[PDB]
Amino acid sequence: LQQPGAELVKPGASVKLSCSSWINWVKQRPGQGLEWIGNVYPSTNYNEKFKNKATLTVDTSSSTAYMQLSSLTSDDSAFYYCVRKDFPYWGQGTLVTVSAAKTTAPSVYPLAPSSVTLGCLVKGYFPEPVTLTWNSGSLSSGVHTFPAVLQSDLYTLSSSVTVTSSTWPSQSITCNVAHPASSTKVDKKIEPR
Amino acid sequence: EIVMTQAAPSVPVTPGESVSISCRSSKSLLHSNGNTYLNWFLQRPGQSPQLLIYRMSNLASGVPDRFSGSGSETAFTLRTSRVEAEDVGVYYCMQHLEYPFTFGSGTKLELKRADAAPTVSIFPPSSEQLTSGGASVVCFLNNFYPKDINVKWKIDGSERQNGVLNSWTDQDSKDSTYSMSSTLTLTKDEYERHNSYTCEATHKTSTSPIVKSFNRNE
Ligand SMILES: O=C(O)CCCC(=O)N[C@H](Cc1ccccc1)P(=O)(O)OCC(=O)NCCc1ccccc1
C-alpha cells in the first residue's frame, strides 16, 4: 500500500489522502494513540466521530482508496494510515500537518570527528517528517537518531552512527535524508576533517 | 461504543524476565461464533503497528514464540516471555468485534538495565553551514542509563544557555540505553569571535561531568 509521506495543508483547507478487502483509515497524533476513522470495500463504514470530517471513496480504475478530510484544524494534524484487512496490512502512512507555514527543504550538514562516531545534522526543514538512514540502510547497529525539535517554525534533527574506528574513512559512510513534503532527498558522504 | 482500557502507560522489566500487559473491554469481545475479536499490536517509533496476536490468543506469523495472548471475555493479557532489548515499544490491544473499532491506550515496555556512562562527542560547525552564516556546535551523549542527564555549554569559559536545543532518543532497541543530542547555534559572526567551545555531560554514573571541547584555532 503506497501512501504519500506527507501533506502540508493550510488551515481551513481540505485535502484528499490516497492509498475483495476492506481499506481502513486510522488516525494518530505524534506520540499519541490510535483512532479508527472508517473503512471502504473496493458500502462504507464511518466512525460517528469522523462523519463528514472525512469522506471515503475508491477509484477501481486506478485501484486507489481515498479519504478526504475537510476544513482541517490543528486537531487534524496527525499520521493517517490506510490498512487493508483481508493479517491487516498497514500502510506507511501520511503525516498531515495543518499550518500556514510554507514547506522548506532541510539543510544537511555532515559531522566528522576502538570505535569512531560520525554524525549528521538536518537543519531548518518544515514540515515533518524526514526519513534519515546511513548507507541507505546498510548501517543500523551503531545508529542513534534523535527526534526532531521545533524552534521558530523550523524543525532541526540530528543522527549519529558509531563504527569500528579502523573501518572509517576506509569503508565509506553516507547520511541519507528524505523529506517527503519537499520531495527531495539528500545524501552527504562524511569526509575526514 | 466499546471502550478498550489499558490500566498501565508503561511496564518495567529486567531483560530475560517475563512480563504481562493487560487490556479490558466494556463489553464481551466473544462473538456467538466462538471467536474473540481482540488484536495485540506492537509499535516502534516511526513505524506502523505490527501484528502480534489475532483472535485473542493466536500468535501471528513471524512473531517469536516468546509472545502469547490469553483472556476472558473482557480481560486480555499479552505475555512477553524471556524479554529482549528489541522488545521495547508500545503495545496496543484493539477490538474489531463491532464498529466503530477502538484501541486501548497502549503500554510502553521499558527495560531496567545496568547503569552506563555517556560517551560524549563534540562536533564543530560544518564549513557548509558557516558559508550560510550559521554556526551549530553539536554534542552527542550516547548510550547512557538511566535516562535523566544534564548538558552544559561553555564558550571561552562562560556558560551559554541561549541557542541550545536538546533531544532525547527513545529507549535503544539494541542495548537498552538512552542517548541525547545537544546543539548550540550561533551566527558565524559570533562563532568566529570566540575560541573554545565546551559541552559537559553530568550523569548519575559519575560526580564530575564528562567534558569535551575544541578550539576553533587548534
Ligand atoms: O456488526 C458486526 O457484526 C461486526 C462489524 C465489525 C466486523 O465485521 N469486523 C470484522 C471481524 C468480525 C468477523 C465476524 C464477526 C464479527 C466480527 P472485521 O474485523 O473482519 O472487519 C473488517 C475490517 O475492516 N477490519 C479492520 C481491522 C483493523 C482496522 C484498522 C487497523 C487494524 C485492524
# chains A, B, ... in the order shown; residues from 1 in each chain; ligands from 1
$ residues_around --residues "residue A:118" --least-positions-apart "5" --cutoff "6 Å" --atoms "only C-alpha atoms" --output "PyMOL selection string"
chain A and resi 111-112+160-161
$ write_last_selection --atoms "C-alpha atoms" --output "PDB file, in the first residue's frame"
ATOM      1  CA  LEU A 111      29.553  15.961  11.164  1.00  0.00           C
ATOM      2  CA  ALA A 112      33.036  14.368  11.306  1.00  0.00           C
ATOM      3  CA  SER A 160      24.806   9.671  14.967  1.00  0.00           C
ATOM      4  CA  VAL A 161      26.464   6.500  13.789  1.00  0.00           C
TER       5      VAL A 161
END
$ residues_near_ligand --ligand "ligand 1" --cutoff "8 Å" --atoms "only C-alpha atoms and all ligand atoms" --output "MDAnalysis selection string"
(chainID A and resid 21:26 36 39:40 82:86 88 90) or (chainID B and resid 31 33 37 39 94 96:101)
$ write_last_selection --atoms "C-alpha atoms" --output "compact mmCIF listing (two decimals), in the first residue's frame"
# COMPACT_ATOMS: atom_id res chain seq x y z
CA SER A 21 -10.68 -6.41 1.07
CA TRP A 22 -11.61 -3.61 3.44
CA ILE A 23 -9.45 -0.49 3.32
CA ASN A 24 -9.49 1.14 6.75
CA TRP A 25 -8.17 4.55 7.75
CA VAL A 26 -6.56 5.19 11.13
CA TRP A 36 -10.23 4.24 13.75
CA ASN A 39 -13.46 1.94 6.02
CA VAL A 40 -14.46 1.08 2.49
CA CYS A 82 -4.72 3.10 5.36
CA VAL A 83 -4.76 -0.56 6.30
CA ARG A 84 -6.08 -3.40 4.15
CA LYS A 85 -7.93 -6.15 6.03
CA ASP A 86 -8.18 -9.46 4.13
CA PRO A 88 -4.07 -6.48 8.24
CA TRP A 90 -0.72 -1.23 7.49
CA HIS B 31 -18.78 -13.45 19.35
CA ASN B 33 -19.32 -17.85 16.53
CA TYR B 37 -12.10 -10.35 18.19
CA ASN B 39 -5.78 -7.86 18.40
CA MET B 94 -7.69 -3.44 19.69
CA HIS B 96 -12.74 -5.42 16.00
CA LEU B 97 -15.93 -7.10 17.17
CA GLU B 98 -18.05 -4.03 16.49
CA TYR B 99 -17.96 -0.81 14.53
CA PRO B 100 -16.54 1.51 15.46
CA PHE B 101 -13.26 -0.32 16.09
$ closest_residue --among "A:147, A:129, A:106, A:5" --to "chain B" --atoms "only C-alpha atoms"
A:147
$ closest_atom_pairs --of "chain A" --to "chain B" --cutoff "8 Å" --atoms "only C-alpha atoms" --output "JSON lines"
{"residue": "A:33", "atom": "CA", "partner": "B:105", "partner_atom": "CA", "distance": 6.0}
{"residue": "A:34", "atom": "CA", "partner": "B:103", "partner_atom": "CA", "distance": 6.3}
{"residue": "A:35", "atom": "CA", "partner": "B:102", "partner_atom": "CA", "distance": 6.7}
{"residue": "A:36", "atom": "CA", "partner": "B:101", "partner_atom": "CA", "distance": 6.0}
{"residue": "A:38", "atom": "CA", "partner": "B:100", "partner_atom": "CA", "distance": 7.6}
{"residue": "A:45", "atom": "CA", "partner": "B:99", "partner_atom": "CA", "distance": 7.9}
{"residue": "A:46", "atom": "CA", "partner": "B:100", "partner_atom": "CA", "distance": 7.6}
{"residue": "A:47", "atom": "CA", "partner": "B:100", "partner_atom": "CA", "distance": 5.4}
{"residue": "A:48", "atom": "CA", "partner": "B:100", "partner_atom": "CA", "distance": 7.8}
{"residue": "A:87", "atom": "CA", "partner": "B:51", "partner_atom": "CA", "distance": 7.2}
{"residue": "A:88", "atom": "CA", "partner": "B:51", "partner_atom": "CA", "distance": 7.8}
{"residue": "A:90", "atom": "CA", "partner": "B:48", "partner_atom": "CA", "distance": 6.4}
{"residue": "A:91", "atom": "CA", "partner": "B:48", "partner_atom": "CA", "distance": 7.2}
{"residue": "A:92", "atom": "CA", "partner": "B:48", "partner_atom": "CA", "distance": 6.5}
{"residue": "A:93", "atom": "CA", "partner": "B:48", "partner_atom": "CA", "distance": 7.6}
{"residue": "A:109", "atom": "CA", "partner": "B:126", "partner_atom": "CA", "distance": 6.3}
{"residue": "A:110", "atom": "CA", "partner": "B:126", "partner_atom": "CA", "distance": 6.7}
{"residue": "A:111", "atom": "CA", "partner": "B:123", "partner_atom": "CA", "distance": 6.2}
{"residue": "A:112", "atom": "CA", "partner": "B:123", "partner_atom": "CA", "distance": 6.8}
{"residue": "A:113", "atom": "CA", "partner": "B:123", "partner_atom": "CA", "distance": 6.4}
{"residue": "A:117", "atom": "CA", "partner": "B:121", "partner_atom": "CA", "distance": 7.4}
{"residue": "A:141", "atom": "CA", "partner": "B:174", "partner_atom": "CA", "distance": 7.1}
{"residue": "A:144", "atom": "CA", "partner": "B:169", "partner_atom": "CA", "distance": 7.2}
{"residue": "A:145", "atom": "CA", "partner": "B:169", "partner_atom": "CA", "distance": 6.6}
{"residue": "A:146", "atom": "CA", "partner": "B:169", "partner_atom": "CA", "distance": 4.9}
{"residue": "A:147", "atom": "CA", "partner": "B:167", "partner_atom": "CA", "distance": 6.3}
{"residue": "A:148", "atom": "CA", "partner": "B:167", "partner_atom": "CA", "distance": 7.3}
{"residue": "A:149", "atom": "CA", "partner": "B:167", "partner_atom": "CA", "distance": 6.9}
{"residue": "A:158", "atom": "CA", "partner": "B:181", "partner_atom": "CA", "distance": 7.3}
{"residue": "A:160", "atom": "CA", "partner": "B:140", "partner_atom": "CA", "distance": 7.7}
$ residues_around --residues "residue A:99" --least-positions-apart "3" --cutoff "8 Å" --atoms "only C-alpha atoms" --output "PyMOL selection string"
chain A and resi 8-11+74
$ atom_distance --atom1 "atom CA of residue B:195" --atom2 "atom CA of residue B:214"
8.1 Å
$ atom_distance --atom1 "atom CA of residue B:186" --atom2 "atom CA of residue A:119"
19.0 Å
$ residues_around --residues "residue B:81" --least-positions-apart "6" --cutoff "8 Å" --atoms "only C-alpha atoms" --output "list in words"
residues 16, 17, 18, 19, 66 and 67 of chain B
$ write_last_selection --atoms "N, CA and C atoms" --output "PDB file, in the first residue's frame"
ATOM      1  N   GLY B  16      15.395 -10.732  30.030  1.00  0.00           N
ATOM      2  CA  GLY B  16      15.441 -12.138  30.358  1.00  0.00           C
ATOM      3  C   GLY B  16      14.192 -12.523  31.137  1.00  0.00           C
ATOM      4  N   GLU B  17      13.623 -11.577  31.873  1.00  0.00           N
ATOM      5  CA  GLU B  17      12.410 -11.865  32.638  1.00  0.00           C
ATOM      6  C   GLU B  17      11.146 -11.821  31.778  1.00  0.00           C
ATOM      7  N   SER B  18      10.052 -12.287  32.363  1.00  0.00           N
ATOM      8  CA  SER B  18       8.773 -12.287  31.673  1.00  0.00           C
ATOM      9  C   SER B  18       7.971 -11.077  32.141  1.00  0.00           C
ATOM     10  N   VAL B  19       6.895 -10.761  31.431  1.00  0.00           N
ATOM     11  CA  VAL B  19       6.073  -9.625  31.820  1.00  0.00           C
ATOM     12  C   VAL B  19       4.706  -9.677  31.140  1.00  0.00           C
ATOM     13  N   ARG B  66       7.999 -16.237  21.979  1.00  0.00           N
ATOM     14  CA  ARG B  66       8.005 -15.593  23.293  1.00  0.00           C
ATOM     15  C   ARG B  66       6.737 -14.776  23.583  1.00  0.00           C
ATOM     16  N   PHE B  67       5.969 -14.452  22.550  1.00  0.00           N
ATOM     17  CA  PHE B  67       4.752 -13.703  22.780  1.00  0.00           C
ATOM     18  C   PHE B  67       3.568 -14.663  22.827  1.00  0.00           C
TER      19      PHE B  67
END
$ closest_residue --among "B:205, B:91, B:131, B:34" --to "residue B:115" --atoms "only C-alpha atoms"
B:205
$ atom_distance --atom1 "atom CA of residue B:155" --atom2 "atom CA of residue B:196"
5.5 Å
$ select_by_dssp --residues "stretch 5-165 of chain A" --states "helix (DSSP H, G or I)" --output "list in words"
residues 48, 49, 50, 74, 75, 76, 135, 136, 137 and 165 of chain A
$ write_last_selection --atoms "N, CA, C and O atoms" --output "short mmCIF file (atom, residue, chain, number, x, y, z; two decimals), in the first residue's frame"
data_model
loop_
_atom_site.label_atom_id
_atom_site.label_comp_id
_atom_site.auth_asym_id
_atom_site.auth_seq_id
_atom_site.Cartn_x
_atom_site.Cartn_y
_atom_site.Cartn_z
N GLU A 48 -18.72 7.38 13.84
CA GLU A 48 -19.58 8.55 14.05
C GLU A 48 -18.82 9.86 14.34
O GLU A 48 -19.20 10.92 13.85
N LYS A 49 -17.76 9.79 15.13
CA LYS A 49 -16.98 10.99 15.45
C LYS A 49 -16.36 11.64 14.22
O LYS A 49 -16.07 12.83 14.22
N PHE A 50 -16.11 10.85 13.18
CA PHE A 50 -15.47 11.38 11.98
C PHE A 50 -16.40 11.61 10.80
O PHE A 50 -15.92 11.97 9.73
N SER A 74 -5.80 22.18 13.71
CA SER A 74 -4.64 21.58 14.38
C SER A 74 -4.98 20.17 14.86
O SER A 74 -4.16 19.26 14.75
N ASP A 75 -6.19 20.01 15.39
CA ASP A 75 -6.67 18.71 15.90
C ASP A 75 -6.55 17.66 14.80
O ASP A 75 -6.46 16.47 15.09
N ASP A 76 -6.55 18.11 13.55
CA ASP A 76 -6.45 17.20 12.41
C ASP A 76 -5.01 16.82 12.05
O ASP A 76 -4.80 15.85 11.32
N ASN A 135 24.14 4.87 4.84
CA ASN A 135 24.44 3.94 3.76
C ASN A 135 23.16 3.29 3.23
O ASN A 135 23.12 2.10 2.97
N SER A 136 22.12 4.09 3.10
CA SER A 136 20.83 3.64 2.59
C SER A 136 20.27 2.46 3.37
O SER A 136 19.60 1.61 2.80
N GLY A 137 20.56 2.40 4.67
CA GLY A 137 20.04 1.31 5.49
C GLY A 137 21.02 0.21 5.88
O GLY A 137 20.73 -0.60 6.76
N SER A 165 36.34 2.02 14.61
CA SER A 165 37.20 3.09 14.13
C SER A 165 38.10 2.79 12.93
O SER A 165 38.28 3.65 12.07
#
$ residues_around --residues "residue A:79" --least-positions-apart "2" --cutoff "8 Å" --atoms "only C-alpha atoms" --output "VMD selection string"
chain A and resid 27 to 30 77 81 93 to 96
$ write_last_selection --atoms "N, CA and C atoms" --output "mmCIF file, in the first residue's frame"
data_model
loop_
_atom_site.group_PDB
_atom_site.id
_atom_site.type_symbol
_atom_site.label_atom_id
_atom_site.label_comp_id
_atom_site.auth_asym_id
_atom_site.auth_seq_id
_atom_site.Cartn_x
_atom_site.Cartn_y
_atom_site.Cartn_z
ATOM 1 N N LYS A 27 -6.162 7.215 12.384
ATOM 2 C CA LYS A 27 -5.502 8.475 12.708
ATOM 3 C C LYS A 27 -4.601 8.330 13.930
ATOM 4 N N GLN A 28 -3.521 9.107 13.960
ATOM 5 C CA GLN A 28 -2.614 9.094 15.099
ATOM 6 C C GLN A 28 -1.759 10.353 15.218
ATOM 7 N N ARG A 29 -1.939 11.058 16.329
ATOM 8 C CA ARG A 29 -1.177 12.256 16.615
ATOM 9 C C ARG A 29 0.190 11.821 17.135
ATOM 10 N N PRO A 30 1.261 12.495 16.679
ATOM 11 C CA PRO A 30 2.629 12.182 17.093
ATOM 12 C C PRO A 30 2.738 11.939 18.584
ATOM 13 N N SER A 77 -4.037 17.580 12.522
ATOM 14 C CA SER A 77 -2.655 17.224 12.235
ATOM 15 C C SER A 77 -2.384 15.858 12.897
ATOM 16 N N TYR A 81 -3.055 6.419 8.376
ATOM 17 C CA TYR A 81 -2.618 5.194 7.687
ATOM 18 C C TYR A 81 -3.829 4.543 7.062
ATOM 19 N N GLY A 93 1.737 5.304 5.832
ATOM 20 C CA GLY A 93 1.076 6.438 6.443
ATOM 21 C C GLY A 93 1.499 7.790 5.924
ATOM 22 N N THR A 94 0.565 8.731 5.988
ATOM 23 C CA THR A 94 0.762 10.102 5.548
ATOM 24 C C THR A 94 0.658 11.012 6.765
ATOM 25 N N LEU A 95 1.710 11.784 7.043
ATOM 26 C CA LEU A 95 1.686 12.717 8.170
ATOM 27 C C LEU A 95 1.117 14.084 7.722
ATOM 28 N N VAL A 96 -0.129 14.356 8.070
ATOM 29 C CA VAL A 96 -0.726 15.619 7.678
ATOM 30 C C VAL A 96 -0.422 16.725 8.688
#
$ select_by_dssp --residues "stretch 6-186 of chain A" --states "strand (DSSP E)" --output "VMD selection string"
chain A and resid 6 to 9 15 to 18 22 to 28 35 to 40 44 to 46 54 to 59 64 to 69 78 to 85 89 to 90 94 to 98 107 to 111 115 to 125 131 to 134 143 to 151 154 to 164 174 to 179 184 to 186
$ residues_around --residues "residue A:172" --least-positions-apart "2" --cutoff "9 Å" --atoms "only C-alpha atoms" --output "PyMOL selection string"
chain A and resi 135+167-170+174+189-191
$ residues_around --residues "residue B:57" --least-positions-apart "6" --cutoff "8 Å" --atoms "only C-alpha atoms" --output "JSON, numbers by chain"
{"B": [68, 69, 70, 71]}
$ closest_residue --among "A:182, A:2, A:156, A:138" --to "residue A:63" --atoms "only C-alpha atoms"
A:2
